[PDB]
$ cat model_20.txt   # compact mmCIF, C-alpha atoms and all ligand atoms
# COMPACT_ATOMS: atom_id res chain seq x y z
CA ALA A 14 -82.61 146.04 -33.05
CA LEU A 15 -82.14 142.31 -33.20
CA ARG A 16 -79.78 140.44 -30.86
CA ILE A 17 -78.63 136.99 -32.02
CA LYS A 18 -76.02 134.41 -31.05
CA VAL A 19 -73.74 132.65 -33.58
CA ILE A 20 -71.32 129.81 -32.89
CA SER A 21 -68.70 128.02 -34.98
CA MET A 22 -68.14 124.27 -35.00
CA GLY A 23 -65.68 121.98 -36.75
CA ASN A 24 -62.30 120.32 -36.34
CA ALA A 25 -59.09 122.15 -35.50
CA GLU A 26 -57.20 124.03 -38.26
CA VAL A 27 -60.30 123.98 -40.45
CA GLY A 28 -60.62 127.78 -40.65
CA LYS A 29 -63.42 128.77 -38.24
CA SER A 30 -61.65 131.79 -36.80
CA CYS A 31 -60.40 132.95 -40.20
CA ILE A 32 -63.81 132.74 -41.86
CA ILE A 33 -65.17 134.97 -39.10
CA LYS A 34 -62.29 137.43 -39.10
CA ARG A 35 -62.27 137.62 -42.93
CA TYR A 36 -65.85 138.89 -43.08
CA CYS A 37 -66.14 140.82 -39.81
CA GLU A 38 -62.66 142.32 -39.46
CA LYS A 39 -61.62 142.31 -43.15
CA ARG A 40 -58.32 140.57 -42.49
CA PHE A 41 -56.52 137.26 -43.02
CA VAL A 42 -53.15 135.85 -41.95
CA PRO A 43 -51.68 132.43 -42.86
CA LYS A 44 -50.19 131.98 -39.37
CA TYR A 45 -52.26 129.55 -37.26
CA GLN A 46 -53.42 130.64 -33.79
CA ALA A 47 -55.56 127.85 -32.30
CA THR A 48 -58.59 129.16 -30.47
CA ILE A 49 -58.19 128.39 -26.79
CA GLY A 50 -61.53 127.02 -25.74
CA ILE A 51 -63.68 129.83 -27.02
CA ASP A 52 -63.38 133.38 -28.39
CA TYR A 53 -66.25 135.78 -27.80
CA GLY A 54 -66.93 138.89 -29.80
CA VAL A 55 -69.70 141.16 -30.92
CA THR A 56 -70.16 142.39 -34.47
CA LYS A 57 -72.88 144.49 -36.08
CA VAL A 58 -74.55 143.81 -39.46
CA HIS A 59 -77.41 145.35 -41.48
CA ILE A 60 -79.40 142.70 -43.39
CA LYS A 61 -82.82 143.25 -44.95
CA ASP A 62 -83.01 146.58 -43.23
CA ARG A 63 -82.99 145.05 -39.80
CA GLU A 64 -80.04 146.02 -37.62
CA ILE A 65 -78.50 142.88 -36.08
CA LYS A 66 -76.19 142.72 -33.07
CA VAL A 67 -74.35 139.39 -33.39
CA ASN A 68 -72.82 137.61 -30.43
CA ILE A 69 -70.16 135.28 -31.83
CA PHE A 70 -68.79 132.35 -29.80
CA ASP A 71 -65.98 131.11 -32.00
CA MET A 72 -65.32 127.62 -30.62
CA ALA A 73 -62.06 125.71 -30.45
CA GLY A 74 -62.14 122.54 -32.53
CA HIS A 75 -59.64 120.41 -30.67
CA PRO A 76 -61.40 117.70 -28.61
CA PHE A 77 -59.45 118.71 -25.49
CA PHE A 78 -61.86 121.67 -25.29
CA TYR A 79 -65.00 119.51 -25.27
CA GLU A 80 -65.86 120.51 -21.70
CA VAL A 81 -65.15 124.20 -22.37
CA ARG A 82 -67.46 124.27 -25.41
CA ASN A 83 -70.45 122.50 -23.83
CA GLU A 84 -71.70 125.64 -22.06
CA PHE A 85 -72.19 127.60 -25.27
CA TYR A 86 -74.54 125.52 -27.43
CA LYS A 87 -77.76 126.67 -25.74
CA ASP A 88 -79.91 129.48 -27.16
CA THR A 89 -78.16 129.47 -30.53
CA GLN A 90 -79.69 131.06 -33.63
CA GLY A 91 -76.97 130.38 -36.21
CA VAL A 92 -74.13 127.86 -36.60
CA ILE A 93 -71.09 128.15 -38.87
CA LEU A 94 -70.13 124.51 -39.48
CA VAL A 95 -66.79 124.26 -41.24
CA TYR A 96 -64.57 121.59 -42.78
CA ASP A 97 -61.51 121.49 -45.04
CA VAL A 98 -62.06 120.03 -48.52
CA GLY A 99 -58.41 118.96 -48.39
CA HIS A 100 -58.73 116.62 -45.39
CA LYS A 101 -61.64 114.23 -45.49
CA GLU A 102 -61.48 113.28 -41.78
CA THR A 103 -62.80 116.79 -41.03
CA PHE A 104 -65.82 116.25 -43.26
CA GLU A 105 -66.55 112.83 -41.78
CA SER A 106 -66.36 114.27 -38.28
CA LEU A 107 -69.34 116.55 -38.94
CA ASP A 108 -71.89 113.95 -37.82
CA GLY A 109 -70.06 113.85 -34.48
CA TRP A 110 -70.28 117.65 -34.19
CA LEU A 111 -74.04 117.50 -34.69
CA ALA A 112 -74.24 114.74 -32.08
CA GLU A 113 -72.22 116.76 -29.58
CA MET A 114 -74.41 119.82 -30.03
CA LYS A 115 -77.60 117.74 -29.98
CA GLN A 116 -76.87 116.31 -26.55
CA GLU A 117 -76.00 119.64 -24.96
CA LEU A 118 -79.52 120.79 -25.87
CA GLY A 119 -81.30 117.83 -24.24
CA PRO A 120 -84.30 115.96 -25.67
CA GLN A 121 -86.29 119.22 -25.94
CA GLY A 122 -83.75 120.47 -28.47
CA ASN A 123 -84.75 120.99 -32.09
CA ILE A 124 -81.78 122.02 -34.22
CA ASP A 125 -84.44 122.61 -36.86
CA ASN A 126 -85.02 126.10 -35.48
CA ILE A 127 -81.31 126.84 -35.93
CA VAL A 128 -79.76 128.12 -39.15
CA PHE A 129 -76.65 126.19 -40.23
CA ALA A 130 -74.16 127.38 -42.80
CA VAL A 131 -71.89 124.52 -43.82
CA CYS A 132 -68.61 125.90 -45.13
CA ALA A 133 -66.49 123.65 -47.32
CA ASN A 134 -63.42 125.76 -46.74
CA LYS A 135 -59.97 126.23 -48.31
CA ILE A 136 -61.10 125.68 -51.91
CA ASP A 137 -58.16 127.93 -52.88
CA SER A 138 -55.53 125.39 -51.87
CA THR A 139 -53.52 123.64 -54.60
CA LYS A 140 -53.48 120.50 -52.42
CA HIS A 141 -55.42 117.39 -53.48
CA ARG A 142 -59.13 117.95 -52.85
CA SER A 143 -60.67 115.03 -50.95
CA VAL A 144 -64.33 116.12 -50.55
CA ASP A 145 -66.30 117.09 -53.64
CA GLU A 146 -69.12 119.57 -53.90
CA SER A 147 -71.77 116.84 -54.46
CA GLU A 148 -70.97 115.03 -51.21
CA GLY A 149 -70.88 118.10 -48.96
CA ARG A 150 -73.86 119.76 -50.61
CA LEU A 151 -75.82 116.53 -50.21
CA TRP A 152 -74.89 116.07 -46.57
CA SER A 153 -75.73 119.70 -45.85
CA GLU A 154 -78.80 120.31 -47.99
CA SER A 155 -80.42 117.00 -46.99
CA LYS A 156 -80.46 118.30 -43.39
CA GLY A 157 -81.92 121.70 -44.19
CA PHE A 158 -78.52 123.40 -43.98
CA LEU A 159 -77.03 126.02 -46.27
CA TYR A 160 -73.93 124.94 -48.18
CA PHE A 161 -71.12 127.14 -49.43
CA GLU A 162 -67.69 126.72 -50.88
CA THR A 163 -65.44 129.27 -49.23
CA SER A 164 -61.90 130.46 -48.84
CA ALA A 165 -60.95 132.76 -46.03
CA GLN A 166 -57.65 133.31 -47.86
CA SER A 167 -59.13 134.40 -51.19
CA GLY A 168 -62.47 135.70 -49.91
CA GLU A 169 -64.40 133.48 -52.36
CA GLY A 170 -67.84 132.53 -51.03
CA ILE A 171 -67.36 134.43 -47.77
CA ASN A 172 -69.68 137.38 -48.38
CA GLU A 173 -72.28 135.19 -50.08
CA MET A 174 -72.31 132.71 -47.18
CA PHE A 175 -72.70 135.43 -44.56
CA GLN A 176 -75.41 137.16 -46.58
CA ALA A 177 -77.38 133.94 -46.93
CA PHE A 178 -76.66 133.06 -43.29
CA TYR A 179 -78.00 136.28 -41.78
CA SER A 180 -80.99 136.43 -44.11
CA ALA A 181 -82.08 132.96 -43.05
CA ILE A 182 -81.57 134.04 -39.43
CA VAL A 183 -83.62 137.21 -39.94
CA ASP A 184 -86.32 135.05 -41.56
CA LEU A 185 -86.12 132.75 -38.54
CA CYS A 186 -86.45 135.70 -36.15
CA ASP A 187 -89.41 137.24 -37.98
CA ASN A 188 -91.11 133.85 -37.41
CA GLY A 189 -90.65 133.91 -33.63
CA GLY A 190 -87.49 131.85 -33.70
CA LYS A 191 -89.33 128.94 -35.35
CA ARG A 192 -88.09 127.59 -38.67
CA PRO A 193 -89.87 129.52 -41.45
CA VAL A 194 -92.08 127.37 -43.63
CA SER A 195 -90.62 127.59 -47.13
CA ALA A 196 -92.65 127.93 -50.32
CA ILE A 197 -89.78 126.19 -52.18
CA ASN A 198 -91.27 122.89 -50.93
CA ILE A 199 -94.80 123.28 -49.58
CA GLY A 200 -94.93 119.71 -50.84
CA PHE A 201 -94.82 116.83 -48.45
CA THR A 202 -93.20 113.46 -47.89
CA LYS A 203 -94.73 110.26 -49.19
CA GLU A 204 -94.57 108.67 -45.73
CA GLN A 205 -96.40 111.77 -44.53
CA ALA A 206 -99.17 111.09 -47.05
CA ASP A 207 -99.32 107.39 -46.18
CA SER A 208 -99.51 108.11 -42.47
CA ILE A 209 -102.35 110.59 -42.86
CA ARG A 210 -104.39 108.17 -44.93
CA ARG A 211 -103.64 105.25 -42.63
CA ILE A 212 -104.79 107.41 -39.69
CA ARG A 213 -108.14 108.25 -41.41
CA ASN A 214 -109.08 104.63 -41.95
CA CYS A 215 -108.08 103.48 -38.53
CA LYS A 216 -110.69 102.95 -35.84
CA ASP A 217 -108.44 101.87 -32.94
CA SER A 218 -106.00 104.03 -31.00
CA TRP A 219 -103.49 101.23 -30.49
CA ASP A 220 -103.11 100.76 -34.22
CA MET A 221 -103.21 104.52 -34.82
CA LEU A 222 -99.84 104.95 -33.08
CA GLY A 223 -98.52 101.52 -34.13
CA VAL A 224 -98.48 99.73 -30.77
CA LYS A 225 -100.26 96.73 -29.38
CA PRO A 226 -102.32 96.60 -26.16
CA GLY A 227 -100.11 96.31 -23.11
CA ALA A 228 -97.55 98.94 -24.14
CA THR A 229 -95.55 100.98 -21.63
CA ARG A 230 -96.44 104.61 -21.21
CA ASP A 231 -92.90 105.12 -22.46
CA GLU A 232 -93.67 103.24 -25.67
CA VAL A 233 -96.84 105.15 -26.47
CA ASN A 234 -94.90 108.33 -25.71
CA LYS A 235 -92.21 107.38 -28.18
CA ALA A 236 -94.65 106.24 -30.83
CA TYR A 237 -96.50 109.53 -30.40
CA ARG A 238 -93.49 111.80 -30.81
CA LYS A 239 -92.44 110.29 -34.12
CA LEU A 240 -95.91 110.89 -35.53
CA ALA A 241 -96.02 114.38 -33.99
CA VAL A 242 -92.83 115.45 -35.75
CA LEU A 243 -94.11 113.82 -38.94
CA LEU A 244 -97.61 115.27 -38.98
CA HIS A 245 -97.66 118.56 -37.10
CA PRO A 246 -99.54 121.05 -39.35
CA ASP A 247 -96.72 123.60 -38.90
CA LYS A 248 -94.15 121.16 -40.35
CA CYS A 249 -96.43 119.21 -42.71
CA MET A 250 -98.24 120.97 -45.54
CA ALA A 251 -100.23 117.93 -46.69
CA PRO A 252 -104.03 118.29 -46.65
CA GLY A 253 -105.66 116.76 -43.60
CA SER A 254 -102.47 116.73 -41.50
CA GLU A 255 -104.18 118.85 -38.85
CA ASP A 256 -106.89 116.21 -38.42
CA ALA A 257 -104.31 113.44 -38.44
CA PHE A 258 -102.29 115.29 -35.81
CA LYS A 259 -105.40 115.84 -33.68
CA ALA A 260 -106.21 112.14 -34.03
CA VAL A 261 -102.74 111.12 -32.92
CA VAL A 262 -102.94 113.49 -29.95
CA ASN A 263 -106.29 112.06 -28.91
CA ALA A 264 -105.17 108.46 -29.36
CA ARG A 265 -102.16 109.01 -27.11
CA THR A 266 -104.36 110.26 -24.31
CA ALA A 267 -106.84 107.42 -24.80
CA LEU A 268 -104.05 104.90 -24.23
CA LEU A 269 -102.37 106.86 -21.40
CA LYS A 270 -105.72 107.15 -19.67
CA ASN A 271 -106.43 103.42 -19.70
CA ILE A 272 -102.86 102.41 -18.87
CA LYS A 273 -102.84 104.46 -15.70
CA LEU A 274 -106.39 103.38 -14.87
CA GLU A 275 -105.57 99.69 -15.22
CA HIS A 276 -102.50 100.27 -13.05
CA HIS A 277 -104.76 101.80 -10.40
CA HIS A 278 -107.44 99.09 -10.24
CA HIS A 279 -105.03 96.17 -10.55
CA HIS A 280 -101.58 96.98 -9.09
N1 LIG B 1 -55.12 128.11 -47.81
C1 LIG B 1 -56.01 128.40 -46.87
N2 LIG B 1 -55.67 128.42 -45.53
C2 LIG B 1 -56.60 128.74 -44.60
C3 LIG B 1 -57.91 129.04 -44.97
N3 LIG B 1 -58.63 129.28 -43.85
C4 LIG B 1 -57.80 129.17 -42.77
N4 LIG B 1 -56.55 128.85 -43.23
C5 LIG B 1 -55.36 128.58 -42.42
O1 LIG B 1 -55.59 127.42 -41.62
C6 LIG B 1 -55.05 127.58 -40.34
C7 LIG B 1 -56.17 127.36 -39.33
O2 LIG B 1 -57.10 128.40 -39.50
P1 LIG B 1 -58.05 128.82 -38.28
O3 LIG B 1 -59.10 129.83 -38.67
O4 LIG B 1 -57.23 129.33 -37.13
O5 LIG B 1 -58.67 127.37 -37.96
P2 LIG B 1 -59.68 127.12 -36.74
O6 LIG B 1 -60.86 126.36 -37.30
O7 LIG B 1 -60.18 128.40 -36.12
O8 LIG B 1 -58.81 126.19 -35.75
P3 LIG B 1 -59.07 126.09 -34.16
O9 LIG B 1 -59.47 127.41 -33.55
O10 LIG B 1 -57.82 125.58 -33.46
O11 LIG B 1 -60.17 125.06 -34.04
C8 LIG B 1 -54.46 128.97 -40.32
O12 LIG B 1 -53.11 128.77 -40.62
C9 LIG B 1 -55.07 129.71 -41.48
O13 LIG B 1 -54.20 130.60 -42.14
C10 LIG B 1 -58.26 129.01 -46.31
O14 LIG B 1 -59.40 129.27 -46.68
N5 LIG B 1 -57.30 128.69 -47.25
MG MG B 2 -60.21 129.08 -34.21

$ encode --input "model_20.txt" --output "structure tokens"
Amino acid sequence: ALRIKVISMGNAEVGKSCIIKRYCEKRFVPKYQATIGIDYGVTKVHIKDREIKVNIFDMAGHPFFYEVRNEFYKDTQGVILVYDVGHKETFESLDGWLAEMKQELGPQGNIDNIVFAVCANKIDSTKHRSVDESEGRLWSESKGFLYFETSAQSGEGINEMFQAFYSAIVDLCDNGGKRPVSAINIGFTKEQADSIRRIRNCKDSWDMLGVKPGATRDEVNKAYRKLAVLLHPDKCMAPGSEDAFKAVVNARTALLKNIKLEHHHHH
């Protein structure tokens, strides 16, 4: 039986609690009760035919609770990221939510092994709609997130979002908690293809990472990591990316070896 952790993020009054209670407790009330810091609960779901025990940390969206929320970003498998189509400041704030999560995970952190369901919520409201499906779908899908139009009041989109959410999370768990490689684009970036070819026909390790002689260890480190995320054969399906990755790895150590050796014979 699978044990996972789900959190909710997004501005106050956006509907995080009511999305969760609509699907898990089959209930909805119009009366607002702001989450105070964080609400913890356990629910059980059966998706695929894996039995999933879901630890939910429903977070409070008000900024006053910044310090309360920071403890609960680590070891997260799924995120319910919510805004209100009727209030565009909640959609714009979503970059800040990603930033806040990304720092509580440190530089190790790869939100790419986390499933995100973006919920454009309250589509049922008569009120003037200020965020359109194009804009939210583009912001979400361009980041590898799922996107759904939802209403906790009507139920629209709720069951479909949660079914897609938990299936992506089951797929993530069956792959060791690493983002599953999707057949829907075993293609590859153009800059990926350029970097692989530029790395074949390169005979110098300075130019292989894009740095000139006399570079800090910290600069060759930071050149290396941007190529590593670009070219790792797990992430990049282009032919020859494994050899390009190996070449980048070996170049980094060639430079790091001579840097520290020139620091030891000089100063
Ligand atoms: N019309 C409409 N109202 C909604 C919908 N979802 C939530 N609400 C209302 O919006 C208010 C806020 O909903 P919550 O779920 O408590 O919002 P929240 O994101 O949990 O807010 P905080 O916990 O304070 O961050 C409540 O009054 C809900 O009734 C919706 O889909 N449609
Ligand atoms: Mg809440």

$ closest_atom_pairs --input "model_20.txt" --of "chain A" --to "ligand MG 2 (chain B)" --cutoff "6 Å" --atoms "only C-alpha atoms and all ligand atoms" --output "CSV"
residue,atom,partner,partner_atom,distance
A:29,CA,B:MG2,MG,5.2
A:30,CA,B:MG2,MG,4.0
A:47,CA,B:MG2,MG,5.2
A:48,CA,B:MG2,MG,4.1
A:73,CA,B:MG2,MG,5.4

$ write_last_selection --input "model_20.txt" --atoms "C-alpha atoms" --output "tab-separated table (two decimals), keeping the file's coordinate frame"
chain	number	residue	atom	x	y	z
A	29	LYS	CA	-63.42	128.77	-38.24
A	30	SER	CA	-61.65	131.79	-36.80
A	47	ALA	CA	-55.56	127.85	-32.30
A	48	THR	CA	-58.59	129.16	-30.47
A	73	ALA	CA	-62.06	125.71	-30.45

$ residues_near_ligand --input "model_20.txt" --ligand "ligand LIG 1 (chain B)" --cutoff "9 Å" --atoms "all atoms listed in the file" --output "VMD selection string"
chain A and resid 21 to 34 41 to 52 71 to 75 95 to 97 134 to 139 163 to 169

$ residues_around --input "model_20.txt" --residues "residue A:61" --least-positions-apart "3" --cutoff "10 Å" --atoms "only C-alpha atoms" --output "ChimeraX atom specification"
/A:58,64-65,176,179-180,183-184

$ closest_residue --input "model_20.txt" --among "A:228, A:259, A:14, A:250" --to "residue A:197" --atoms "only C-alpha atoms"
A:250

$ atom_distance --input "model_20.txt" --atom1 "atom CA of residue A:69" --atom2 "atom CA of residue A:56"
7.6 Å

$ closest_residue --input "model_20.txt" --among "A:272, A:267, A:131, A:261" --to "residue A:229" --atoms "all atoms listed in the file"
A:272

$ atom_distance --input "model_20.txt" --atom1 "atom CA of residue A:100" --atom2 "atom CA of residue A:143"
6.1 Å

$ atom_distance --input "model_20.txt" --atom1 "atom CA of residue A:101" --atom2 "atom CA of residue A:142"
8.6 Å

$ closest_residue --input "model_20.txt" --among "A:60, A:161, A:127, A:86" --to "residue A:174" --atoms "all atoms listed in the file"
A:161

$ residues_around --input "model_20.txt" --residues "stretch 147-150 of chain A" --least-positions-apart "3" --cutoff "12 Å" --atoms "all atoms listed in the file" --output "JSON, numbers by chain"
{"A": [94, 95, 96, 97, 98, 101, 103, 104, 105, 107, 108, 130, 131, 132, 133, 134, 143, 144, 153, 154, 155, 156, 157, 158, 159, 160, 161, 162]}

$ write_last_selection --input "model_20.txt" --atoms "C-alpha atoms" --output "mmCIF file, in the coordinates of the input"
data_model
loop_
_atom_site.group_PDB
_atom_site.id
_atom_site.type_symbol
_atom_site.label_atom_id
_atom_site.label_comp_id
_atom_site.auth_asym_id
_atom_site.auth_seq_id
_atom_site.Cartn_x
_atom_site.Cartn_y
_atom_site.Cartn_z
ATOM 1 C CA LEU A 94 -70.130 124.510 -39.480
ATOM 2 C CA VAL A 95 -66.790 124.260 -41.240
ATOM 3 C CA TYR A 96 -64.570 121.590 -42.780
ATOM 4 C CA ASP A 97 -61.510 121.490 -45.040
ATOM 5 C CA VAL A 98 -62.060 120.030 -48.520
ATOM 6 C CA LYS A 101 -61.640 114.230 -45.490
ATOM 7 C CA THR A 103 -62.800 116.790 -41.030
ATOM 8 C CA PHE A 104 -65.820 116.250 -43.260
ATOM 9 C CA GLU A 105 -66.550 112.830 -41.780
ATOM 10 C CA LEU A 107 -69.340 116.550 -38.940
ATOM 11 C CA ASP A 108 -71.890 113.950 -37.820
ATOM 12 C CA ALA A 130 -74.160 127.380 -42.800
ATOM 13 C CA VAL A 131 -71.890 124.520 -43.820
ATOM 14 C CA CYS A 132 -68.610 125.900 -45.130
ATOM 15 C CA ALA A 133 -66.490 123.650 -47.320
ATOM 16 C CA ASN A 134 -63.420 125.760 -46.740
ATOM 17 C CA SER A 143 -60.670 115.030 -50.950
ATOM 18 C CA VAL A 144 -64.330 116.120 -50.550
ATOM 19 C CA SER A 153 -75.730 119.700 -45.850
ATOM 20 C CA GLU A 154 -78.800 120.310 -47.990
ATOM 21 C CA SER A 155 -80.420 117.000 -46.990
ATOM 22 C CA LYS A 156 -80.460 118.300 -43.390
ATOM 23 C CA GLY A 157 -81.920 121.700 -44.190
ATOM 24 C CA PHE A 158 -78.520 123.400 -43.980
ATOM 25 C CA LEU A 159 -77.030 126.020 -46.270
ATOM 26 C CA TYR A 160 -73.930 124.940 -48.180
ATOM 27 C CA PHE A 161 -71.120 127.140 -49.430
ATOM 28 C CA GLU A 162 -67.690 126.720 -50.880
#

$ residues_around --input "model_20.txt" --residues "residue A:203" --least-positions-apart "2" --cutoff "12 Å" --atoms "only C-alpha atoms" --output "JSON list (two decimals) with C-alpha atoms, in the frame of the given file"
[["chain", "number", "residue", "atom", "x", "y", "z"],
["A", 200, "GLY", "CA", -94.93, 119.71, -50.84],
["A", 201, "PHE", "CA", -94.82, 116.83, -48.45],
["A", 205, "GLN", "CA", -96.40, 111.77, -44.53],
["A", 206, "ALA", "CA", -99.17, 111.09, -47.05],
["A", 207, "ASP", "CA", -99.32, 107.39, -46.18],
["A", 208, "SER", "CA", -99.51, 108.11, -42.47],
["A", 209, "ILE", "CA", -102.35, 110.59, -42.86],
["A", 210, "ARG", "CA", -104.39, 108.17, -44.93],
["A", 243, "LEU", "CA", -94.11, 113.82, -38.94],
["A", 244, "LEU", "CA", -97.61, 115.27, -38.98],
["A", 249, "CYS", "CA", -96.43, 119.21, -42.71],
["A", 250, "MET", "CA", -98.24, 120.97, -45.54],
["A", 251, "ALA", "CA", -100.23, 117.93, -46.69]]

$ closest_residue --input "model_20.txt" --among "A:83, A:214, A:89, A:126" --to "residue A:257" --atoms "only C-alpha atoms"
A:214

$ residues_around --input "model_20.txt" --residues "residue A:114" --least-positions-apart "3" --cutoff "9 Å" --atoms "only C-alpha atoms" --output "PyMOL selection string"
chain A and resi 83+86-87+109-111+117-118+124

$ closest_residue --input "model_20.txt" --among "A:265, A:39, A:66, A:192" --to "residue A:231" --atoms "only C-alpha atoms"
A:265

$ closest_residue --input "model_20.txt" --among "A:37, A:221, A:20, A:128" --to "residue A:172" --atoms "all atoms listed in the file"
A:37

$ build_atoms --input "model_20.txt" --residues "stretch 261-273 of chain A" --atoms "N, CA and C atoms" --output "PDB file, in the coordinates of the input"
ATOM      1  N   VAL A 261    -103.871 111.688 -33.632  1.00  0.00           N
ATOM      2  CA  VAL A 261    -102.740 111.120 -32.920  1.00  0.00           C
ATOM      3  C   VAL A 261    -102.691 111.629 -31.483  1.00  0.00           C
ATOM      4  N   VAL A 262    -102.881 112.933 -31.300  1.00  0.00           N
ATOM      5  CA  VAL A 262    -102.940 113.490 -29.950  1.00  0.00           C
ATOM      6  C   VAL A 262    -104.003 112.779 -29.126  1.00  0.00           C
ATOM      7  N   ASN A 263    -105.196 112.618 -29.688  1.00  0.00           N
ATOM      8  CA  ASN A 263    -106.290 112.060 -28.910  1.00  0.00           C
ATOM      9  C   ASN A 263    -106.084 110.583 -28.634  1.00  0.00           C
ATOM     10  N   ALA A 264    -105.470 109.867 -29.575  1.00  0.00           N
ATOM     11  CA  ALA A 264    -105.170 108.460 -29.360  1.00  0.00           C
ATOM     12  C   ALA A 264    -104.207 108.301 -28.196  1.00  0.00           C
ATOM     13  N   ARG A 265    -103.127 109.081 -28.199  1.00  0.00           N
ATOM     14  CA  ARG A 265    -102.160 109.010 -27.110  1.00  0.00           C
ATOM     15  C   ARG A 265    -102.851 109.141 -25.759  1.00  0.00           C
ATOM     16  N   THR A 266    -103.779 110.088 -25.630  1.00  0.00           N
ATOM     17  CA  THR A 266    -104.360 110.260 -24.310  1.00  0.00           C
ATOM     18  C   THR A 266    -105.361 109.151 -24.019  1.00  0.00           C
ATOM     19  N   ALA A 267    -105.965 108.567 -25.048  1.00  0.00           N
ATOM     20  CA  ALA A 267    -106.840 107.420 -24.800  1.00  0.00           C
ATOM     21  C   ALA A 267    -106.044 106.269 -24.200  1.00  0.00           C
ATOM     22  N   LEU A 268    -104.882 105.964 -24.774  1.00  0.00           N
ATOM     23  CA  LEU A 268    -104.050 104.900 -24.230  1.00  0.00           C
ATOM     24  C   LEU A 268    -103.504 105.248 -22.853  1.00  0.00           C
ATOM     25  N   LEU A 269    -102.903 106.441 -22.706  1.00  0.00           N
ATOM     26  CA  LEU A 269    -102.370 106.860 -21.400  1.00  0.00           C
ATOM     27  C   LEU A 269    -103.435 106.877 -20.323  1.00  0.00           C
ATOM     28  N   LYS A 270    -104.685 107.140 -20.686  1.00  0.00           N
ATOM     29  CA  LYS A 270    -105.720 107.150 -19.670  1.00  0.00           C
ATOM     30  C   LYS A 270    -106.011 105.738 -19.176  1.00  0.00           C
ATOM     31  N   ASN A 271    -106.049 104.768 -20.091  1.00  0.00           N
ATOM     32  CA  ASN A 271    -106.430 103.420 -19.700  1.00  0.00           C
ATOM     33  C   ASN A 271    -105.276 102.682 -19.050  1.00  0.00           C
ATOM     34  N   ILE A 272    -104.051 102.960 -19.504  1.00  0.00           N
ATOM     35  CA  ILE A 272    -102.860 102.410 -18.870  1.00  0.00           C
ATOM     36  C   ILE A 272    -102.821 102.775 -17.395  1.00  0.00           C
ATOM     37  N   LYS A 273    -102.946 104.066 -17.095  1.00  0.00           N
ATOM     38  CA  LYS A 273    -102.840 104.460 -15.700  1.00  0.00           C
ATOM     39  C   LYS A 273    -104.059 104.005 -14.906  1.00  0.00           C
TER      40      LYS A 273
END
